[PDB]
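*Asks:* Dropping in upload-v2.pdb, which is PDB, N, CA and C atoms and all ligand atoms:
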```pdb
ATOM      1  N   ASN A   1       0.827  -1.201   0.000  1.00  0.00           N
ATOM      2  CA  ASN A   1       0.000   0.000   0.000  1.00  0.00           C
ATOM      3  C   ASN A   1       0.865   1.257   0.000  1.00  0.00           C
ATOM      4  N   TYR A   2       0.352   2.322  -0.606  1.00  0.00           N
ATOM      5  CA  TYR A   2       1.077   3.584  -0.677  1.00  0.00           C
ATOM      6  C   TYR A   2       0.443   4.630   0.234  1.00  0.00           C
ATOM      7  N   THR A   3      -0.595   4.222   0.959  1.00  0.00           N
ATOM      8  CA  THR A   3      -1.292   5.121   1.869  1.00  0.00           C
ATOM      9  C   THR A   3      -1.326   4.554   3.284  1.00  0.00           C
ATOM     10  N   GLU A   4      -1.038   5.403   4.265  1.00  0.00           N
ATOM     11  CA  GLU A   4      -1.037   4.984   5.662  1.00  0.00           C
ATOM     12  C   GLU A   4      -2.172   4.004   5.937  1.00  0.00           C
ATOM     13  N   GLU A   5      -1.873   2.713   5.825  1.00  0.00           N
ATOM     14  CA  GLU A   5      -2.871   1.676   6.061  1.00  0.00           C
ATOM     15  C   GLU A   5      -3.546   1.867   7.415  1.00  0.00           C
ATOM     16  N   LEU A   6      -4.714   1.257   7.579  1.00  0.00           N
ATOM     17  CA  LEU A   6      -5.463   1.359   8.826  1.00  0.00           C
ATOM     18  C   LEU A   6      -5.772  -0.024   9.392  1.00  0.00           C
ATOM     19  N   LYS A   7      -5.164  -0.341  10.530  1.00  0.00           N
ATOM     20  CA  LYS A   7      -5.377  -1.630  11.178  1.00  0.00           C
ATOM     21  C   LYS A   7      -6.827  -2.079  11.036  1.00  0.00           C
ATOM     22  N   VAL A   8      -7.733  -1.111  10.927  1.00  0.00           N
ATOM     23  CA  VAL A   8      -9.152  -1.406  10.783  1.00  0.00           C
ATOM     24  C   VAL A   8      -9.831  -0.405   9.856  1.00  0.00           C
ATOM     25  N   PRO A   9     -10.843  -0.878   9.111  1.00  0.00           N
ATOM     26  CA  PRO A   9     -11.594  -0.039   8.173  1.00  0.00           C
ATOM     27  C   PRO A   9     -12.469   0.985   8.885  1.00  0.00           C
ATOM     28  N   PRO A  10     -12.368   2.252   8.455  1.00  0.00           N
ATOM     29  CA  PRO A  10     -13.144   3.350   9.037  1.00  0.00           C
ATOM     30  C   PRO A  10     -14.629   3.251   8.702  1.00  0.00           C
ATOM     31  N   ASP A  11     -15.348   4.352   8.894  1.00  0.00           N
ATOM     32  CA  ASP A  11     -16.779   4.390   8.612  1.00  0.00           C
ATOM     33  C   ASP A  11     -17.080   5.339   7.456  1.00  0.00           C
ATOM     34  N   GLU A  12     -16.075   5.582   6.620  1.00  0.00           N
ATOM     35  CA  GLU A  12     -16.233   6.472   5.476  1.00  0.00           C
ATOM     36  C   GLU A  12     -16.835   5.730   4.287  1.00  0.00           C
ATOM     37  N   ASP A  13     -16.704   4.407   4.295  1.00  0.00           N
ATOM     38  CA  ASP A  13     -17.236   3.581   3.217  1.00  0.00           C
ATOM     39  C   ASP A  13     -16.531   3.886   1.899  1.00  0.00           C
ATOM     40  N   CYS A  14     -16.186   2.836   1.161  1.00  0.00           N
ATOM     41  CA  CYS A  14     -15.506   2.992  -0.118  1.00  0.00           C
ATOM     42  C   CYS A  14     -16.232   4.002  -1.001  1.00  0.00           C
ATOM     43  N   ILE A  15     -15.567   4.433  -2.067  1.00  0.00           N
ATOM     44  CA  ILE A  15     -16.149   5.398  -2.992  1.00  0.00           C
ATOM     45  C   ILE A  15     -16.159   4.857  -4.418  1.00  0.00           C
ATOM     46  N   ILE A  16     -15.401   3.789  -4.645  1.00  0.00           N
ATOM     47  CA  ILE A  16     -15.324   3.174  -5.964  1.00  0.00           C
ATOM     48  C   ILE A  16     -16.514   2.253  -6.209  1.00  0.00           C
ATOM     49  N   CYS A  17     -16.583   1.169  -5.445  1.00  0.00           N
ATOM     50  CA  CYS A  17     -17.671   0.208  -5.576  1.00  0.00           C
ATOM     51  C   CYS A  17     -18.875   0.629  -4.741  1.00  0.00           C
ATOM     52  N   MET A  18     -18.711   1.705  -3.977  1.00  0.00           N
ATOM     53  CA  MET A  18     -19.786   2.214  -3.132  1.00  0.00           C
ATOM     54  C   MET A  18     -20.245   1.151  -2.139  1.00  0.00           C
ATOM     55  N   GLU A  19     -19.285   0.482  -1.509  1.00  0.00           N
ATOM     56  CA  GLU A  19     -19.594  -0.561  -0.537  1.00  0.00           C
ATOM     57  C   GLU A  19     -18.911  -0.279   0.798  1.00  0.00           C
ATOM     58  N   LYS A  20     -19.402  -0.919   1.854  1.00  0.00           N
ATOM     59  CA  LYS A  20     -18.839  -0.739   3.188  1.00  0.00           C
ATOM     60  C   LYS A  20     -17.334  -0.982   3.181  1.00  0.00           C
ATOM     61  N   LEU A  21     -16.588  -0.066   3.789  1.00  0.00           N
ATOM     62  CA  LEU A  21     -15.135  -0.182   3.854  1.00  0.00           C
ATOM     63  C   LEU A  21     -14.724  -1.393   4.685  1.00  0.00           C
ATOM     64  N   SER A  22     -15.707  -2.053   5.288  1.00  0.00           N
ATOM     65  CA  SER A  22     -15.445  -3.228   6.112  1.00  0.00           C
ATOM     66  C   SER A  22     -15.436  -4.496   5.264  1.00  0.00           C
ATOM     67  N   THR A  23     -16.413  -4.610   4.371  1.00  0.00           N
ATOM     68  CA  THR A  23     -16.521  -5.772   3.498  1.00  0.00           C
ATOM     69  C   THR A  23     -15.232  -5.993   2.716  1.00  0.00           C
ATOM     70  N   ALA A  24     -15.176  -5.441   1.507  1.00  0.00           N
ATOM     71  CA  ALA A  24     -13.999  -5.574   0.659  1.00  0.00           C
ATOM     72  C   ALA A  24     -14.204  -4.874  -0.680  1.00  0.00           C
ATOM     73  N   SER A  25     -13.215  -4.989  -1.560  1.00  0.00           N
ATOM     74  CA  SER A  25     -13.286  -4.361  -2.875  1.00  0.00           C
ATOM     75  C   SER A  25     -14.384  -4.997  -3.722  1.00  0.00           C
ATOM     76  N   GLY A  26     -15.210  -4.156  -4.337  1.00  0.00           N
ATOM     77  CA  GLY A  26     -16.290  -4.653  -5.168  1.00  0.00           C
ATOM     78  C   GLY A  26     -15.815  -5.083  -6.542  1.00  0.00           C
ATOM     79  N   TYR A  27     -14.723  -4.483  -7.003  1.00  0.00           N
ATOM     80  CA  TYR A  27     -14.168  -4.805  -8.312  1.00  0.00           C
ATOM     81  C   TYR A  27     -13.257  -6.027  -8.232  1.00  0.00           C
ATOM     82  N   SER A  28     -13.067  -6.536  -7.020  1.00  0.00           N
ATOM     83  CA  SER A  28     -12.217  -7.701  -6.805  1.00  0.00           C
ATOM     84  C   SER A  28     -12.419  -8.733  -7.910  1.00  0.00           C
ATOM     85  N   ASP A  29     -13.595  -8.708  -8.525  1.00  0.00           N
ATOM     86  CA  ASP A  29     -13.918  -9.640  -9.599  1.00  0.00           C
ATOM     87  C   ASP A  29     -12.990  -9.434 -10.792  1.00  0.00           C
ATOM     88  N   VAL A  30     -13.001  -8.224 -11.343  1.00  0.00           N
ATOM     89  CA  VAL A  30     -12.161  -7.898 -12.489  1.00  0.00           C
ATOM     90  C   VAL A  30     -11.343  -6.638 -12.231  1.00  0.00           C
ATOM     91  N   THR A  31     -10.140  -6.818 -11.697  1.00  0.00           N
ATOM     92  CA  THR A  31      -9.257  -5.696 -11.400  1.00  0.00           C
ATOM     93  C   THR A  31      -7.795  -6.097 -11.531  1.00  0.00           C
ATOM     94  N   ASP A  32      -6.972  -5.170 -12.011  1.00  0.00           N
ATOM     95  CA  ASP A  32      -5.547  -5.426 -12.183  1.00  0.00           C
ATOM     96  C   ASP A  32      -4.790  -5.190 -10.880  1.00  0.00           C
ATOM     97  N   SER A  33      -5.281  -5.790  -9.799  1.00  0.00           N
ATOM     98  CA  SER A  33      -4.654  -5.641  -8.492  1.00  0.00           C
ATOM     99  C   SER A  33      -3.242  -6.220  -8.497  1.00  0.00           C
ATOM    100  N   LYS A  34      -2.279  -5.418  -8.058  1.00  0.00           N
ATOM    101  CA  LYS A  34      -0.887  -5.849  -8.009  1.00  0.00           C
ATOM    102  C   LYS A  34      -0.584  -6.562  -6.696  1.00  0.00           C
ATOM    103  N   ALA A  35      -0.643  -5.817  -5.596  1.00  0.00           N
ATOM    104  CA  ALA A  35      -0.378  -6.380  -4.278  1.00  0.00           C
ATOM    105  C   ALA A  35      -1.443  -5.950  -3.274  1.00  0.00           C
ATOM    106  N   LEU A  36      -2.471  -5.269  -3.765  1.00  0.00           N
ATOM    107  CA  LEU A  36      -3.557  -4.799  -2.911  1.00  0.00           C
ATOM    108  C   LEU A  36      -4.575  -5.908  -2.666  1.00  0.00           C
ATOM    109  N   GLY A  37      -4.273  -7.103  -3.166  1.00  0.00           N
ATOM    110  CA  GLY A  37      -5.171  -8.229  -2.988  1.00  0.00           C
ATOM    111  C   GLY A  37      -6.628  -7.838  -3.136  1.00  0.00           C
ATOM    112  N   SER A  38      -7.302  -7.637  -2.008  1.00  0.00           N
ATOM    113  CA  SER A  38      -8.712  -7.261  -2.015  1.00  0.00           C
ATOM    114  C   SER A  38      -9.254  -7.159  -0.593  1.00  0.00           C
ATOM    115  N   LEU A  39      -8.518  -6.460   0.265  1.00  0.00           N
ATOM    116  CA  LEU A  39      -8.924  -6.284   1.655  1.00  0.00           C
ATOM    117  C   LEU A  39      -7.934  -5.397   2.403  1.00  0.00           C
ATOM    118  N   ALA A  40      -7.612  -4.251   1.813  1.00  0.00           N
ATOM    119  CA  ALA A  40      -6.679  -3.311   2.425  1.00  0.00           C
ATOM    120  C   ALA A  40      -7.222  -1.887   2.371  1.00  0.00           C
ATOM    121  N   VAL A  41      -7.552  -1.340   3.537  1.00  0.00           N
ATOM    122  CA  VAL A  41      -8.081   0.016   3.623  1.00  0.00           C
ATOM    123  C   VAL A  41      -6.976   1.019   3.939  1.00  0.00           C
ATOM    124  N   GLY A  42      -6.768   1.968   3.032  1.00  0.00           N
ATOM    125  CA  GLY A  42      -5.741   2.973   3.233  1.00  0.00           C
ATOM    126  C   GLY A  42      -6.179   4.351   2.774  1.00  0.00           C
ATOM    127  N   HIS A  43      -5.876   5.365   3.578  1.00  0.00           N
ATOM    128  CA  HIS A  43      -6.245   6.737   3.248  1.00  0.00           C
ATOM    129  C   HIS A  43      -5.115   7.438   2.500  1.00  0.00           C
ATOM    130  N   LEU A  44      -5.326   7.674   1.210  1.00  0.00           N
ATOM    131  CA  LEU A  44      -4.324   8.337   0.381  1.00  0.00           C
ATOM    132  C   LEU A  44      -3.617   9.442   1.160  1.00  0.00           C
ATOM    133  N   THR A  45      -2.291   9.375   1.200  1.00  0.00           N
ATOM    134  CA  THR A  45      -1.495  10.369   1.910  1.00  0.00           C
ATOM    135  C   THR A  45      -1.757  11.770   1.371  1.00  0.00           C
ATOM    136  N   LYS A  46      -2.089  11.853   0.088  1.00  0.00           N
ATOM    137  CA  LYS A  46      -2.369  13.134  -0.551  1.00  0.00           C
ATOM    138  C   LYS A  46      -3.411  13.919   0.239  1.00  0.00           C
ATOM    139  N   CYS A  47      -4.642  13.418   0.246  1.00  0.00           N
ATOM    140  CA  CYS A  47      -5.730  14.071   0.963  1.00  0.00           C
ATOM    141  C   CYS A  47      -5.931  13.440   2.338  1.00  0.00           C
ATOM    142  N   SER A  48      -5.786  12.121   2.405  1.00  0.00           N
ATOM    143  CA  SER A  48      -5.955  11.395   3.658  1.00  0.00           C
ATOM    144  C   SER A  48      -7.430  11.112   3.928  1.00  0.00           C
ATOM    145  N   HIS A  49      -8.001  10.197   3.152  1.00  0.00           N
ATOM    146  CA  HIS A  49      -9.405   9.835   3.307  1.00  0.00           C
ATOM    147  C   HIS A  49      -9.548   8.363   3.688  1.00  0.00           C
ATOM    148  N   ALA A  50      -9.860   7.529   2.703  1.00  0.00           N
ATOM    149  CA  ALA A  50     -10.024   6.099   2.934  1.00  0.00           C
ATOM    150  C   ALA A  50     -10.855   5.454   1.830  1.00  0.00           C
ATOM    151  N   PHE A  51     -10.376   4.327   1.316  1.00  0.00           N
ATOM    152  CA  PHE A  51     -11.073   3.614   0.253  1.00  0.00           C
ATOM    153  C   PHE A  51     -10.354   2.314  -0.093  1.00  0.00           C
ATOM    154  N   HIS A  52     -11.122   1.312  -0.509  1.00  0.00           N
ATOM    155  CA  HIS A  52     -10.559   0.015  -0.870  1.00  0.00           C
ATOM    156  C   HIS A  52      -9.370   0.184  -1.813  1.00  0.00           C
ATOM    157  N   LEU A  53      -8.166   0.110  -1.258  1.00  0.00           N
ATOM    158  CA  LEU A  53      -6.949   0.255  -2.049  1.00  0.00           C
ATOM    159  C   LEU A  53      -7.120  -0.369  -3.431  1.00  0.00           C
ATOM    160  N   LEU A  54      -7.370  -1.674  -3.457  1.00  0.00           N
ATOM    161  CA  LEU A  54      -7.555  -2.391  -4.714  1.00  0.00           C
ATOM    162  C   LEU A  54      -8.413  -1.582  -5.681  1.00  0.00           C
ATOM    163  N   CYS A  55      -9.628  -1.255  -5.254  1.00  0.00           N
ATOM    164  CA  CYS A  55     -10.548  -0.481  -6.081  1.00  0.00           C
ATOM    165  C   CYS A  55      -9.823   0.674  -6.766  1.00  0.00           C
ATOM    166  N   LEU A  56      -9.260   1.570  -5.963  1.00  0.00           N
ATOM    167  CA  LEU A  56      -8.536   2.722  -6.491  1.00  0.00           C
ATOM    168  C   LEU A  56      -7.598   2.305  -7.620  1.00  0.00           C
ATOM    169  N   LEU A  57      -6.681   1.394  -7.313  1.00  0.00           N
ATOM    170  CA  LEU A  57      -5.725   0.908  -8.303  1.00  0.00           C
ATOM    171  C   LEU A  57      -6.402   0.691  -9.653  1.00  0.00           C
ATOM    172  N   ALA A  58      -7.712   0.473  -9.624  1.00  0.00           N
ATOM    173  CA  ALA A  58      -8.477   0.255 -10.845  1.00  0.00           C
ATOM    174  C   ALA A  58      -8.587   1.540 -11.659  1.00  0.00           C
ATOM    175  N   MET A  59      -9.301   2.520 -11.114  1.00  0.00           N
ATOM    176  CA  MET A  59      -9.483   3.800 -11.792  1.00  0.00           C
ATOM    177  C   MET A  59      -8.228   4.658 -11.678  1.00  0.00           C
ATOM    178  N   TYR A  60      -7.273   4.199 -10.876  1.00  0.00           N
ATOM    179  CA  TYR A  60      -6.025   4.927 -10.679  1.00  0.00           C
ATOM    180  C   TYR A  60      -5.246   5.037 -11.987  1.00  0.00           C
ATOM    181  N   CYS A  61      -5.573   4.167 -12.936  1.00  0.00           N
ATOM    182  CA  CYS A  61      -4.904   4.163 -14.233  1.00  0.00           C
ATOM    183  C   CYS A  61      -5.231   5.431 -15.016  1.00  0.00           C
ATOM    184  N   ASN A  62      -6.182   6.207 -14.505  1.00  0.00           N
ATOM    185  CA  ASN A  62      -6.590   7.445 -15.157  1.00  0.00           C
ATOM    186  C   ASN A  62      -5.786   8.630 -14.631  1.00  0.00           C
ATOM    187  N   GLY A  63      -5.814   8.818 -13.315  1.00  0.00           N
ATOM    188  CA  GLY A  63      -5.082   9.915 -12.708  1.00  0.00           C
ATOM    189  C   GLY A  63      -4.036   9.437 -11.720  1.00  0.00           C
ATOM    190  N   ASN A  64      -3.497  10.366 -10.936  1.00  0.00           N
ATOM    191  CA  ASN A  64      -2.479  10.034  -9.946  1.00  0.00           C
ATOM    192  C   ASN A  64      -1.557   8.933 -10.463  1.00  0.00           C
ATOM    193  N   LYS A  65      -0.981   9.157 -11.641  1.00  0.00           N
ATOM    194  CA  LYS A  65      -0.076   8.188 -12.246  1.00  0.00           C
ATOM    195  C   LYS A  65       1.361   8.429 -11.796  1.00  0.00           C
ATOM    196  N   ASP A  66       1.842   7.581 -10.892  1.00  0.00           N
ATOM    197  CA  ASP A  66       3.203   7.701 -10.382  1.00  0.00           C
ATOM    198  C   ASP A  66       3.697   6.365  -9.835  1.00  0.00           C
ATOM    199  N   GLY A  67       2.867   5.720  -9.021  1.00  0.00           N
ATOM    200  CA  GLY A  67       3.238   4.442  -8.443  1.00  0.00           C
ATOM    201  C   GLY A  67       2.385   4.077  -7.244  1.00  0.00           C
ATOM    202  N   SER A  68       1.126   4.499  -7.267  1.00  0.00           N
ATOM    203  CA  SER A  68       0.207   4.217  -6.170  1.00  0.00           C
ATOM    204  C   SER A  68      -1.236   4.173  -6.666  1.00  0.00           C
ATOM    205  N   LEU A  69      -1.933   5.296  -6.540  1.00  0.00           N
ATOM    206  CA  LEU A  69      -3.322   5.388  -6.977  1.00  0.00           C
ATOM    207  C   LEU A  69      -3.903   6.762  -6.658  1.00  0.00           C
ATOM    208  N   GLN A  70      -5.133   6.997  -7.108  1.00  0.00           N
ATOM    209  CA  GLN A  70      -5.802   8.269  -6.869  1.00  0.00           C
ATOM    210  C   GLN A  70      -6.964   8.101  -5.897  1.00  0.00           C
ATOM    211  N   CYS A  71      -7.352   9.193  -5.250  1.00  0.00           N
ATOM    212  CA  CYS A  71      -8.450   9.167  -4.293  1.00  0.00           C
ATOM    213  C   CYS A  71      -9.794   9.332  -4.999  1.00  0.00           C
ATOM    214  N   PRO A  72     -10.626   8.283  -4.942  1.00  0.00           N
ATOM    215  CA  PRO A  72     -11.949   8.288  -5.570  1.00  0.00           C
ATOM    216  C   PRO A  72     -12.924   9.223  -4.863  1.00  0.00           C
ATOM    217  N   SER A  73     -12.694   9.445  -3.572  1.00  0.00           N
ATOM    218  CA  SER A  73     -13.554  10.317  -2.782  1.00  0.00           C
ATOM    219  C   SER A  73     -13.607  11.719  -3.383  1.00  0.00           C
ATOM    220  N   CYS A  74     -12.507  12.452  -3.254  1.00  0.00           N
ATOM    221  CA  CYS A  74     -12.424  13.808  -3.784  1.00  0.00           C
ATOM    222  C   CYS A  74     -11.521  13.860  -5.012  1.00  0.00           C
ATOM    223  N   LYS A  75     -11.494  12.766  -5.766  1.00  0.00           N
ATOM    224  CA  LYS A  75     -10.674  12.685  -6.968  1.00  0.00           C
ATOM    225  C   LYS A  75      -9.251  13.158  -6.688  1.00  0.00           C
ATOM    226  N   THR A  76      -8.779  12.908  -5.470  1.00  0.00           N
ATOM    227  CA  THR A  76      -7.433  13.308  -5.077  1.00  0.00           C
ATOM    228  C   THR A  76      -6.411  12.239  -5.446  1.00  0.00           C
TER     229      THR A  76
HETATM  230 ZN    ZN B   1     -14.507  -0.483  -3.191  1.00  0.00          ZN
HETATM  231 ZN    ZN B   2      -9.709  12.591  -1.037  1.00  0.00          ZN
END
```
Show me this structure written as structure tokens.
Ligand SMILES: [Zn+2]
Ligand SMILES: [Zn+2]
*Replies:*
Amino acid sequence: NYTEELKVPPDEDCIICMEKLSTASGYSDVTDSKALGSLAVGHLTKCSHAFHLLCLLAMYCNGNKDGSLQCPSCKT
């Protein structure tokens, strides 16, 4: 993960699959997950929010191109 991981999922709820941050990544079905498996909650250091890491890595191919992912919440 590239964002300060959280021993436990917050109550912000994912923003990609729009699912509870407790459950898991909704795109886990079809996603180019590298090492985010499908159960890692991390708040992007950029803004510092929270979202299914894996999920982000999905749409991350659009923005925040460097070596991590972008924040789906505030498009950070
Ligand atoms: Zn998600
Ligand atoms: Zn954000």
*Asks:* Going by the chain IDs and residue numbers used in this file, which residues fall under the PyMOL selection byres (((chain A and resi 37) around 8) and not hetatm)? Write them as a PyMOL selection string.
*Replies:* chain A and resi 25+28+32-36+38-40+53-55
*Asks:* Identify the residues around (-14.9, 2.2, -4.8) within a radius of 6 Å, measuring from all atoms listed in the file in the coordinates stated by the file, and give them as a CSV table (one decimal) with N, CA and C atoms, in the frame of the given file.
*Replies:*
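Once written, selection-v4.csv looks like this:
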```csv
chain,number,residue,atom,x,y,z
A,14,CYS,N,-16.2,2.8,1.2
A,14,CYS,CA,-15.5,3.0,-0.1
A,14,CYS,C,-16.2,4.0,-1.0
A,15,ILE,N,-15.6,4.4,-2.1
A,15,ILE,CA,-16.1,5.4,-3.0
A,15,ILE,C,-16.2,4.9,-4.4
A,16,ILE,N,-15.4,3.8,-4.6
A,16,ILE,CA,-15.3,3.2,-6.0
A,16,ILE,C,-16.5,2.3,-6.2
A,17,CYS,N,-16.6,1.2,-5.4
A,17,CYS,CA,-17.7,0.2,-5.6
A,17,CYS,C,-18.9,0.6,-4.7
A,18,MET,N,-18.7,1.7,-4.0
A,18,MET,CA,-19.8,2.2,-3.1
A,18,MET,C,-20.2,1.2,-2.1
A,19,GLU,N,-19.3,0.5,-1.5
A,19,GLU,CA,-19.6,-0.6,-0.5
A,19,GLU,C,-18.9,-0.3,0.8
A,52,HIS,N,-11.1,1.3,-0.5
A,52,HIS,CA,-10.6,0.0,-0.9
A,52,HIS,C,-9.4,0.2,-1.8
A,55,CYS,N,-9.6,-1.3,-5.3
A,55,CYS,CA,-10.5,-0.5,-6.1
A,55,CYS,C,-9.8,0.7,-6.8
A,56,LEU,N,-9.3,1.6,-6.0
A,56,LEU,CA,-8.5,2.7,-6.5
A,56,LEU,C,-7.6,2.3,-7.6
```
*Asks:* Taking all atoms listed in the file into account, name the residue in A:24, A:41, A:8, A:74 that is nearest to ligand ZN 1 (chain B).
*Replies:*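 Closest candidate: A:24.
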*Asks:* Tell me, as a PDB file with N, CA and C atoms, in the coordinates of the input, which residues lie within 7 Å of residue 10 in chain A, counting all atoms listed in the file; anything in the same chain fewer than 4 positions away does not count.
*Replies:*
```
ATOM      1  N   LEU A   6      -4.714   1.257   7.579  1.00  0.00           N
ATOM      2  CA  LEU A   6      -5.463   1.359   8.826  1.00  0.00           C
ATOM      3  C   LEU A   6      -5.772  -0.024   9.392  1.00  0.00           C
ATOM      4  N   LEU A  21     -16.588  -0.066   3.789  1.00  0.00           N
ATOM      5  CA  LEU A  21     -15.135  -0.182   3.854  1.00  0.00           C
ATOM      6  C   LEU A  21     -14.724  -1.393   4.685  1.00  0.00           C
ATOM      7  N   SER A  22     -15.707  -2.053   5.288  1.00  0.00           N
ATOM      8  CA  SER A  22     -15.445  -3.228   6.112  1.00  0.00           C
ATOM      9  C   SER A  22     -15.436  -4.496   5.264  1.00  0.00           C
ATOM     10  N   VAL A  41      -7.552  -1.340   3.537  1.00  0.00           N
ATOM     11  CA  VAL A  41      -8.081   0.016   3.623  1.00  0.00           C
ATOM     12  C   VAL A  41      -6.976   1.019   3.939  1.00  0.00           C
TER      13      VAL A  41
END
```
*Asks:* I'd like to see the residues matched by the PyMOL selection byres (((chain A and resi 1) around 7) and not hetatm) on this file, and ideally I'd get them as a list in words.
*Replies:*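 Those residues are residues 2, 3, 4, 5, 35, 36 and 68 of chain A.
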*Asks:* Give the residue list for ligand ZN 2 (chain B) at 6 Å, counting only N, CA and C atoms and all ligand atoms, as number ranges by chain, sorted by chain and then by residue number.
*Replies:* A: 47-49, 71-76
